[PDB]
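Only one chain is given next, in structure tokens, and it is the form deposited in one PDB entry.
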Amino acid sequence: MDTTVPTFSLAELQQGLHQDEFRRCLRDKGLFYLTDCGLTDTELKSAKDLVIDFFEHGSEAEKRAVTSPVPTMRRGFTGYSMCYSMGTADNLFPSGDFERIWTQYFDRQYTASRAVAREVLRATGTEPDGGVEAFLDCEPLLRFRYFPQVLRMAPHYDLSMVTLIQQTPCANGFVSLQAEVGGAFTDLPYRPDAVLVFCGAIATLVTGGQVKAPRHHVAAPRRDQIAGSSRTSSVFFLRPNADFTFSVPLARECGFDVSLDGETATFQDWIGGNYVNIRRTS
């Protein structure tokens, strides 16, 4: 195999170009960069600038007013690092300016996520139980995370349908995010023109095993690079509804070690009553 992490334009995919290349990427890799999806570096910088302004300049009192009473990182602020989370509703916003910027940014991401998911399902000939549009009108979670200088994040796969990741780079050039491609870890650097997409385990489940869910982690710099090593990431998880229904025997055929009686099950039956975003192979 070529272990190159490919790039696809969403616009060309939506026109039916590169079908074989895409299908083969999904099955053998499960990850790719995505251009022409409505997501520019400019916007990433509008949103990143206002949130980082809050991480740095927001009072204790202002942070408290947008902190959930249980510290789940589902909505609002969570303070060696800081996080800002959002979904389609129940959001906590520091101000009217933040809210316009972050609502627009969320929506752009949720649109791109749905749009690439529709292409994954089309490329694999997949009609989810309940149909495509009800499957994609779901329960996404957006987490933006600022990381200070000196693994960083242990290897896992995602339990999303897809995950979209926009990063800003280490000022000193270190590349933190890596994924397993062809049996070894490959760099996944920042690209101002593109978003990284990871397929998660739900893509594998829904498509009956036609899409890989790759393992990935976040590396630590060599101490020779422990100045200029901070970074941010925007991680958008497209997560199915609780009532997403799948075939139990088909789940079994593609590696899922389910303990489910009977022939069909829901996402809730499988994962339980709280979203679980990531999983270790261990």
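Numbers follow the displayed sequence, beginning with 1. Just so we're on the same page, rigid core means the largest C-alpha set that superposes within 1.5 Å between forms.
Although it is not shown, the form deposited in another entry is what the next lines describe.
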Shift test between the shown form and the other one (rigid core reference, C-alpha, 2 Å or more cutoff) over 46, 35, 247, 40 hits only 247
Using a superposition on the rigid core, decide whether the Cα position of residue 260 changes by 2 angstroms or more between the shown form and the other one. yes
Once the two forms are fit on the core, has residue 227 moved its CA by at least 2 Å between the shown form and the other one? no
Taking the shown form as reference, are the C-alpha positions of residue 129 and residue 256 brought closer or pushed farther apart in the other form, with a change of 3 Å or more? farther
Relative Cα spacing, residue 130 and residue 264, in the other form - shift of 3 Å or more: farther
